[PDB]
Amino acid sequence: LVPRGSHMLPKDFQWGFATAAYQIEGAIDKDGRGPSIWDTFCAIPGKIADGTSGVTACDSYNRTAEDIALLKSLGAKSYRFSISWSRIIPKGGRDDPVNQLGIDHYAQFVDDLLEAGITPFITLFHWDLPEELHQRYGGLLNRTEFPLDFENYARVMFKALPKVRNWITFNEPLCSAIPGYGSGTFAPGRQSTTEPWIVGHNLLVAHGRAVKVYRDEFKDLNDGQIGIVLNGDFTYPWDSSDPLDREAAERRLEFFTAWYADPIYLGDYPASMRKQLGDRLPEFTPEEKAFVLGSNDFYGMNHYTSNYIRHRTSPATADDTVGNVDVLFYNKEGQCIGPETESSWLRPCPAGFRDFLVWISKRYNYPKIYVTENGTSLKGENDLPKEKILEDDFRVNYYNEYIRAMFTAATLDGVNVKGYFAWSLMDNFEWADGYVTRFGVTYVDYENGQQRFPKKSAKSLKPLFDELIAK
């Protein structure tokens, strides 16, 4: 039932894998790296489910040749990775000493990548805020100091890495804001009914400042591009015959994603958010709005799952962050979104992936889109013998259906998606979950010196994209 003469995806379509600095690098105090808020957070008892940290992780800091060889063997055309801020500026401040070793490390890495024929896609901030900034002025909570400090940090990296064309400011600012300052499950583990909304505002302004500097001084040097990465799981009404559930499903998307995307594309927060949050949701100064409005060269999209959404009869409470809705995996009729994984929040729903691609496109005038993270955990995978971990059949199917759902969205709906990055390149430190939860296409033997064994899914992507991408 496949058309015989379709053009398929554009030839310059990028695809590869994605990692985060703290989740894989290790070497937390090597070559002058300063502490991040996640370094100190892991020191607090009971904050990490398996009592681990990122002290060693995958030891990717010392195995750059290995990871590149791995990437090249999987046929990856592009590679998304993040840069540890406290490796560059150990204290993080714009008047703090710059660590040349940290700069040279990533500089050397980009060169090694480029020689292997792999295009770097770099994330500036993947949650590892330098601990010092947090202590000095409250870190992400500071509306004045942090956007200035991040602006400088971005500029240092733009200047230090002239060969890089693809830049990302923040990865999932929502995850820095609500788990870090609302529920306290992520660093710096604070719990507040106001601070997440303050942080999210500061992250947007800091983003806009970096984008401004990049566009003015560095972008035209090598025809580059820059954008923020926003996560977001799609939604469906718990009871479609109930209009309140339909409106609730839409509202949830606004609280999840439009929270950041509406100021970036339209100029202000969604009305639904202002209605519920009121004075708790900051207002853009004329200067801040100028920074934020139109500060996306491309739309960076992280996507994983989908949910059924049920409206709530009782009023929104102060600690509510989702938009006064129930996030479910079953609808009124008893249908299930998908099967279980090792993550309680993740259930495979490839249709939601396409729906989110379209939802973004229709709302923001079909912008350039990069899927900077797709992936899944696998239920009880950590309890499996090495022989059976490599049989990533569940994850193989996940990628096979999601990527094909993306294909339909691109070739049918005409979604301007330009790239797809699989999360993750290898099993790593999944934050509060620790190493128990595995998202990698490559198995990492933590007990036997973090040796890398490509699972079945790692090998399935190259043939799949060869089929879906034009010649």
# chains A, B, ... in the order shown; residues from 1 in each chain; ligands from 1

$ residues_around --residues "residue A:309" --least-positions-apart "5" --cutoff "12 Å" --atoms "only C-alpha atoms" --output "JSON, numbers by chain"
{"A": [233, 234, 235, 236, 237, 238, 239, 240, 242, 243, 244, 245, 246, 247, 248, 249, 250, 251, 252, 253, 322, 323, 324, 325, 326, 327, 328, 329, 330, 331, 332, 337]}

$ residues_around --residues "residue A:422" --least-positions-apart "5" --cutoff "12 Å" --atoms "only C-alpha atoms" --output "ChimeraX atom specification"
/A:14-19,71,74,76-81,301-304,370-376,395-396,398-400,402-403,439-442,457-458,460-462

$ select_by_dssp --residues "stretch 248-393 of chain A" --states "alpha helix (DSSP H)" --output "PyMOL selection string"
chain A and resi 248-253+259-265+271-277+286-292+350-363+386-389+393

$ closest_residue --among "A:456, A:444, A:216, A:433" --to "residue A:392" --atoms "only C-alpha atoms"
A:456

$ atom_distance --atom1 "atom CA of residue A:102" --atom2 "atom CA of residue A:87"
4.8 Å

$ closest_atom_pairs --of "stretch 169-251 of chain A" --to "stretch 134-155 of chain A" --cutoff "10 Å" --atoms "only C-alpha atoms" --output "JSON lines"
{"residue": "A:169", "atom": "CA", "partner": "A:154", "partner_atom": "CA", "distance": 7.9}
{"residue": "A:176", "atom": "CA", "partner": "A:140", "partner_atom": "CA", "distance": 8.8}
{"residue": "A:177", "atom": "CA", "partner": "A:140", "partner_atom": "CA", "distance": 8.5}
{"residue": "A:180", "atom": "CA", "partner": "A:140", "partner_atom": "CA", "distance": 9.9}
{"residue": "A:181", "atom": "CA", "partner": "A:141", "partner_atom": "CA", "distance": 9.1}
{"residue": "A:188", "atom": "CA", "partner": "A:134", "partner_atom": "CA", "distance": 8.5}
{"residue": "A:195", "atom": "CA", "partner": "A:141", "partner_atom": "CA", "distance": 6.9}
{"residue": "A:196", "atom": "CA", "partner": "A:141", "partner_atom": "CA", "distance": 8.5}
{"residue": "A:197", "atom": "CA", "partner": "A:141", "partner_atom": "CA", "distance": 9.5}
{"residue": "A:198", "atom": "CA", "partner": "A:141", "partner_atom": "CA", "distance": 6.3}
{"residue": "A:199", "atom": "CA", "partner": "A:141", "partner_atom": "CA", "distance": 5.3}
{"residue": "A:200", "atom": "CA", "partner": "A:140", "partner_atom": "CA", "distance": 8.4}
{"residue": "A:201", "atom": "CA", "partner": "A:143", "partner_atom": "CA", "distance": 8.0}
{"residue": "A:202", "atom": "CA", "partner": "A:143", "partner_atom": "CA", "distance": 5.4}
{"residue": "A:203", "atom": "CA", "partner": "A:140", "partner_atom": "CA", "distance": 7.3}
{"residue": "A:204", "atom": "CA", "partner": "A:147", "partner_atom": "CA", "distance": 8.7}
{"residue": "A:205", "atom": "CA", "partner": "A:147", "partner_atom": "CA", "distance": 6.3}
{"residue": "A:206", "atom": "CA", "partner": "A:147", "partner_atom": "CA", "distance": 4.0}
{"residue": "A:207", "atom": "CA", "partner": "A:147", "partner_atom": "CA", "distance": 7.7}
{"residue": "A:208", "atom": "CA", "partner": "A:151", "partner_atom": "CA", "distance": 8.8}
{"residue": "A:209", "atom": "CA", "partner": "A:151", "partner_atom": "CA", "distance": 5.7}
{"residue": "A:210", "atom": "CA", "partner": "A:151", "partner_atom": "CA", "distance": 4.8}
{"residue": "A:211", "atom": "CA", "partner": "A:151", "partner_atom": "CA", "distance": 8.6}
{"residue": "A:212", "atom": "CA", "partner": "A:151", "partner_atom": "CA", "distance": 9.1}
{"residue": "A:213", "atom": "CA", "partner": "A:155", "partner_atom": "CA", "distance": 6.9}
{"residue": "A:214", "atom": "CA", "partner": "A:155", "partner_atom": "CA", "distance": 7.2}
{"residue": "A:217", "atom": "CA", "partner": "A:155", "partner_atom": "CA", "distance": 9.0}
{"residue": "A:218", "atom": "CA", "partner": "A:155", "partner_atom": "CA", "distance": 8.7}

$ write_last_selection --atoms "C-alpha atoms" --output "PDB file, in the first residue's frame"
ATOM      1  CA  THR A 169      20.145  27.111  24.404  1.00  0.00           C
ATOM      2  CA  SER A 176      14.408  22.664  35.295  1.00  0.00           C
ATOM      3  CA  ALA A 177      11.490  24.699  36.612  1.00  0.00           C
ATOM      4  CA  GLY A 180      13.650  21.538  40.367  1.00  0.00           C
ATOM      5  CA  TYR A 181      11.633  24.219  42.149  1.00  0.00           C
ATOM      6  CA  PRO A 188      18.187  21.974  43.313  1.00  0.00           C
ATOM      7  CA  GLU A 195       9.378  29.649  42.017  1.00  0.00           C
ATOM      8  CA  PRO A 196       8.792  27.374  38.987  1.00  0.00           C
ATOM      9  CA  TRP A 197       6.984  30.240  37.243  1.00  0.00           C
ATOM     10  CA  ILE A 198       9.802  32.610  38.159  1.00  0.00           C
ATOM     11  CA  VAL A 199      12.454  30.207  36.856  1.00  0.00           C
ATOM     12  CA  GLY A 200      10.680  29.530  33.560  1.00  0.00           C
ATOM     13  CA  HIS A 201      10.507  33.264  32.910  1.00  0.00           C
ATOM     14  CA  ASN A 202      14.221  33.701  33.618  1.00  0.00           C
ATOM     15  CA  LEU A 203      15.059  30.769  31.351  1.00  0.00           C
ATOM     16  CA  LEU A 204      13.164  32.371  28.466  1.00  0.00           C
ATOM     17  CA  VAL A 205      14.906  35.729  28.865  1.00  0.00           C
ATOM     18  CA  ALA A 206      18.304  34.032  29.164  1.00  0.00           C
ATOM     19  CA  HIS A 207      17.462  32.131  25.984  1.00  0.00           C
ATOM     20  CA  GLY A 208      16.517  35.315  24.143  1.00  0.00           C
ATOM     21  CA  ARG A 209      19.723  37.037  25.217  1.00  0.00           C
ATOM     22  CA  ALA A 210      21.864  34.183  23.907  1.00  0.00           C
ATOM     23  CA  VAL A 211      19.952  34.079  20.620  1.00  0.00           C
ATOM     24  CA  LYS A 212      20.393  37.836  20.182  1.00  0.00           C
ATOM     25  CA  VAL A 213      24.164  37.627  20.681  1.00  0.00           C
ATOM     26  CA  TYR A 214      24.408  34.622  18.365  1.00  0.00           C
ATOM     27  CA  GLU A 217      27.875  38.305  16.094  1.00  0.00           C
ATOM     28  CA  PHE A 218      28.298  34.624  15.240  1.00  0.00           C
TER      29      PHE A 218
END

$ residues_around --residues "residue A:343" --least-positions-apart "2" --cutoff "12 Å" --atoms "only C-alpha atoms" --output "PDB file with N, CA and C atoms, in the first residue's frame"
ATOM      1  N   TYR A 304       8.009  11.939  23.843  1.00  0.00           N
ATOM      2  CA  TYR A 304       8.128  10.580  24.361  1.00  0.00           C
ATOM      3  C   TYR A 304       6.814   9.798  24.362  1.00  0.00           C
ATOM      4  N   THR A 305       5.755  10.393  24.902  1.00  0.00           N
ATOM      5  CA  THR A 305       4.502   9.665  25.072  1.00  0.00           C
ATOM      6  C   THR A 305       3.269  10.547  24.888  1.00  0.00           C
ATOM      7  N   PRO A 339       1.602   0.280  26.039  1.00  0.00           N
ATOM      8  CA  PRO A 339       2.142  -0.669  27.015  1.00  0.00           C
ATOM      9  C   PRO A 339       3.099  -0.004  28.001  1.00  0.00           C
ATOM     10  N   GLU A 340       3.406  -0.695  29.093  1.00  0.00           N
ATOM     11  CA  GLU A 340       4.265  -0.141  30.132  1.00  0.00           C
ATOM     12  C   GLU A 340       5.739  -0.168  29.751  1.00  0.00           C
ATOM     13  N   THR A 341       6.502   0.741  30.349  1.00  0.00           N
ATOM     14  CA  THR A 341       7.952   0.750  30.220  1.00  0.00           C
ATOM     15  C   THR A 341       8.564   0.735  31.614  1.00  0.00           C
ATOM     16  N   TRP A 345       5.752   7.201  33.624  1.00  0.00           N
ATOM     17  CA  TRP A 345       5.160   8.291  32.858  1.00  0.00           C
ATOM     18  C   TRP A 345       5.208   8.042  31.352  1.00  0.00           C
ATOM     19  N   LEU A 346       5.965   7.031  30.935  1.00  0.00           N
ATOM     20  CA  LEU A 346       6.155   6.771  29.512  1.00  0.00           C
ATOM     21  C   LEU A 346       5.401   5.528  29.052  1.00  0.00           C
ATOM     22  N   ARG A 347       4.504   5.724  28.092  1.00  0.00           N
ATOM     23  CA  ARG A 347       3.863   4.619  27.390  1.00  0.00           C
ATOM     24  C   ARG A 347       3.832   4.937  25.901  1.00  0.00           C
ATOM     25  N   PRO A 348       4.370   4.026  25.073  1.00  0.00           N
ATOM     26  CA  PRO A 348       4.463   4.203  23.620  1.00  0.00           C
ATOM     27  C   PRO A 348       3.135   4.564  22.962  1.00  0.00           C
ATOM     28  N   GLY A 375      12.651   8.536  22.488  1.00  0.00           N
ATOM     29  CA  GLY A 375      13.121   7.315  23.116  1.00  0.00           C
ATOM     30  C   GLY A 375      12.197   6.612  24.082  1.00  0.00           C
ATOM     31  N   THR A 376      12.637   5.450  24.540  1.00  0.00           N
ATOM     32  CA  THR A 376      11.877   4.757  25.562  1.00  0.00           C
ATOM     33  C   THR A 376      12.740   3.921  26.492  1.00  0.00           C
ATOM     34  N   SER A 377      12.222   3.720  27.697  1.00  0.00           N
ATOM     35  CA  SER A 377      12.778   2.760  28.629  1.00  0.00           C
ATOM     36  C   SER A 377      12.094   1.425  28.380  1.00  0.00           C
ATOM     37  N   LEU A 378      12.615   0.370  28.988  1.00  0.00           N
ATOM     38  CA  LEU A 378      12.061  -0.955  28.771  1.00  0.00           C
ATOM     39  C   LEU A 378      11.846  -1.641  30.116  1.00  0.00           C
ATOM     40  N   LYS A 379      10.632  -2.138  30.326  1.00  0.00           N
ATOM     41  CA  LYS A 379      10.216  -2.664  31.624  1.00  0.00           C
ATOM     42  C   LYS A 379      11.030  -3.877  32.065  1.00  0.00           C
ATOM     43  N   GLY A 380      11.684  -3.750  33.216  1.00  0.00           N
ATOM     44  CA  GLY A 380      12.466  -4.832  33.788  1.00  0.00           C
ATOM     45  C   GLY A 380      13.722  -5.158  33.004  1.00  0.00           C
ATOM     46  N   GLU A 381      14.155  -4.221  32.165  1.00  0.00           N
ATOM     47  CA  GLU A 381      15.329  -4.427  31.325  1.00  0.00           C
ATOM     48  C   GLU A 381      16.597  -4.554  32.164  1.00  0.00           C
ATOM     49  N   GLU A 430      19.919   8.347  34.463  1.00  0.00           N
ATOM     50  CA  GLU A 430      18.605   8.943  34.245  1.00  0.00           C
ATOM     51  C   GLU A 430      18.144   9.686  35.502  1.00  0.00           C
ATOM     52  N   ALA A 432      16.909  11.286  38.694  1.00  0.00           N
ATOM     53  CA  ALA A 432      16.373  10.791  39.961  1.00  0.00           C
ATOM     54  C   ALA A 432      16.145   9.281  39.949  1.00  0.00           C
ATOM     55  N   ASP A 433      16.045   8.701  38.757  1.00  0.00           N
ATOM     56  CA  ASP A 433      15.864   7.260  38.620  1.00  0.00           C
ATOM     57  C   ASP A 433      17.181   6.507  38.769  1.00  0.00           C
ATOM     58  N   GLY A 434      18.285   7.191  38.492  1.00  0.00           N
ATOM     59  CA  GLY A 434      19.592   6.565  38.521  1.00  0.00           C
ATOM     60  C   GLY A 434      19.842   5.751  37.266  1.00  0.00           C
ATOM     61  N   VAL A 436      18.966   2.596  36.970  1.00  0.00           N
ATOM     62  CA  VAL A 436      17.950   1.551  36.904  1.00  0.00           C
ATOM     63  C   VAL A 436      17.157   1.646  35.602  1.00  0.00           C
ATOM     64  N   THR A 437      16.833   2.871  35.206  1.00  0.00           N
ATOM     65  CA  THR A 437      16.072   3.114  33.985  1.00  0.00           C
ATOM     66  C   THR A 437      17.003   3.302  32.788  1.00  0.00           C
ATOM     67  N   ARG A 438      16.841   2.457  31.774  1.00  0.00           N
ATOM     68  CA  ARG A 438      17.714   2.486  30.603  1.00  0.00           C
ATOM     69  C   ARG A 438      16.998   2.992  29.352  1.00  0.00           C
ATOM     70  N   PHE A 439      17.545   4.043  28.749  1.00  0.00           N
ATOM     71  CA  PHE A 439      16.959   4.648  27.554  1.00  0.00           C
ATOM     72  C   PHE A 439      17.829   4.460  26.318  1.00  0.00           C
TER      73      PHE A 439
END

$ residues_around --residues "residue A:228" --least-positions-apart "5" --cutoff "6 Å" --atoms "only C-alpha atoms" --output "JSON, numbers by chain"
{"A": [168, 169, 170, 300]}

$ write_last_selection --atoms "N, CA and C atoms" --output "PDB file, in the first residue's frame"
ATOM      1  N   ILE A 168      21.818  24.889  20.580  1.00  0.00           N
ATOM      2  CA  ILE A 168      20.638  24.797  21.426  1.00  0.00           C
ATOM      3  C   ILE A 168      20.897  25.500  22.753  1.00  0.00           C
ATOM      4  N   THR A 169      19.997  26.397  23.140  1.00  0.00           N
ATOM      5  CA  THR A 169      20.145  27.111  24.404  1.00  0.00           C
ATOM      6  C   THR A 169      19.796  26.217  25.591  1.00  0.00           C
ATOM      7  N   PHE A 170      18.502  26.026  25.829  1.00  0.00           N
ATOM      8  CA  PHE A 170      18.051  25.229  26.964  1.00  0.00           C
ATOM      9  C   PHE A 170      17.366  23.943  26.531  1.00  0.00           C
ATOM     10  N   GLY A 300      13.071  23.154  18.503  1.00  0.00           N
ATOM     11  CA  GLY A 300      13.626  21.920  19.025  1.00  0.00           C
ATOM     12  C   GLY A 300      12.579  21.174  19.825  1.00  0.00           C
TER      13      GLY A 300
END

$ closest_residue --among "A:99, A:282, A:116, A:219" --to "residue A:158" --atoms "only C-alpha atoms"
A:219

$ atom_distance --atom1 "atom CA of residue A:389" --atom2 "atom CA of residue A:338"
21.3 Å

$ residues_around --residues "residue A:110" --least-positions-apart "5" --cutoff "10 Å" --atoms "only C-alpha atoms" --output "PDB file with N, CA and C atoms, in the first residue's frame"
ATOM      1  N   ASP A 104      39.130  23.485  25.554  1.00  0.00           N
ATOM      2  CA  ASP A 104      39.949  22.664  24.667  1.00  0.00           C
ATOM      3  C   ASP A 104      39.375  21.261  24.496  1.00  0.00           C
ATOM      4  N   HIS A 105      38.818  20.715  25.573  1.00  0.00           N
ATOM      5  CA  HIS A 105      38.236  19.378  25.542  1.00  0.00           C
ATOM      6  C   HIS A 105      37.122  19.268  24.507  1.00  0.00           C
ATOM      7  N   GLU A 115      35.825  15.083  11.802  1.00  0.00           N
ATOM      8  CA  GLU A 115      36.716  14.257  10.992  1.00  0.00           C
ATOM      9  C   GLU A 115      36.057  12.917  10.684  1.00  0.00           C
ATOM     10  N   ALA A 116      35.185  12.472  11.582  1.00  0.00           N
ATOM     11  CA  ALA A 116      34.433  11.245  11.372  1.00  0.00           C
ATOM     12  C   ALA A 116      33.238  11.488  10.457  1.00  0.00           C
ATOM     13  N   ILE A 118      30.663  13.562  11.209  1.00  0.00           N
ATOM     14  CA  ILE A 118      29.455  13.688  12.016  1.00  0.00           C
ATOM     15  C   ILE A 118      29.235  15.132  12.456  1.00  0.00           C
ATOM     16  N   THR A 119      28.064  15.672  12.136  1.00  0.00           N
ATOM     17  CA  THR A 119      27.735  17.051  12.475  1.00  0.00           C
ATOM     18  C   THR A 119      27.302  17.190  13.931  1.00  0.00           C
ATOM     19  N   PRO A 120      28.000  18.045  14.690  1.00  0.00           N
ATOM     20  CA  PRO A 120      27.650  18.301  16.091  1.00  0.00           C
ATOM     21  C   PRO A 120      26.398  19.165  16.235  1.00  0.00           C
ATOM     22  N   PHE A 121      25.538  18.804  17.181  1.00  0.00           N
ATOM     23  CA  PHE A 121      24.371  19.600  17.539  1.00  0.00           C
ATOM     24  C   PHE A 121      24.452  19.857  19.043  1.00  0.00           C
ATOM     25  N   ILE A 122      24.825  21.067  19.442  1.00  0.00           N
ATOM     26  CA  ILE A 122      25.237  21.290  20.827  1.00  0.00           C
ATOM     27  C   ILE A 122      24.202  21.975  21.722  1.00  0.00           C
ATOM     28  N   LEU A 161      33.856  27.630  19.814  1.00  0.00           N
ATOM     29  CA  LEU A 161      33.528  26.575  18.859  1.00  0.00           C
ATOM     30  C   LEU A 161      33.005  27.150  17.545  1.00  0.00           C
ATOM     31  N   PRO A 162      33.907  27.711  16.724  1.00  0.00           N
ATOM     32  CA  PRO A 162      33.508  28.376  15.481  1.00  0.00           C
ATOM     33  C   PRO A 162      33.037  27.403  14.400  1.00  0.00           C
ATOM     34  N   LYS A 163      33.340  26.119  14.567  1.00  0.00           N
ATOM     35  CA  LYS A 163      32.999  25.119  13.559  1.00  0.00           C
ATOM     36  C   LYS A 163      31.566  24.612  13.698  1.00  0.00           C
ATOM     37  N   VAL A 164      30.927  24.945  14.813  1.00  0.00           N
ATOM     38  CA  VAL A 164      29.577  24.471  15.087  1.00  0.00           C
ATOM     39  C   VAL A 164      28.522  25.393  14.478  1.00  0.00           C
TER      40      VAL A 164
END

$ residues_around --residues "residue A:46" --least-positions-apart "5" --cutoff "12 Å" --atoms "only C-alpha atoms" --output "list in words"
residues 41, 51, 52, 53, 185, 186, 189, 432, 433 and 434 of chain A
